[PDB]
């Protein structure tokens, strides 16, 4: 695939500094869908504002976890079937946390925004298409966690 190469090349730029980039992803996400903010319940407390989340070590650790799952998907882009069972359980966990299926599309748009802003001119419509497809496939596996 030429898509798989576009993904690997674009990810190299981002994975240089995963917290900085994942911070962008989450800041964008809460800008679009502020109702996701209460789902992060560290020590039984909710964040009042999006900027509160950025001072939480647990929240920042979650950004790292996110970037690592995406790294795994990129590493396995040629065959994502090997992550399917893991992603299904990840889906189930997030359903339990309170993430709705519809919110995954917002996460996807936030990921695309982060890529667009990091790559600028290098974020070509083919790169965008490749990432939408990869992310779509991740979500599809995760959505198998919603059957019950």
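Positions refer to the first chain, counted from 1.
In this entry, the higher average B-factor at the C-alpha atoms falls on 98 to 106, of the pair 111 to 119 and 98 to 106. In this entry, 43 to 51 has the higher mean Cα B-factor, the comparison being between 62 to 70 and 43 to 51. Highest CA B-factor among 19, 134, 126, 25, as stated in the entry: 126. Among all modelled residues in this chain, the alpha-carbon of residue 81 has a temperature factor (C-alpha) in the highest third.
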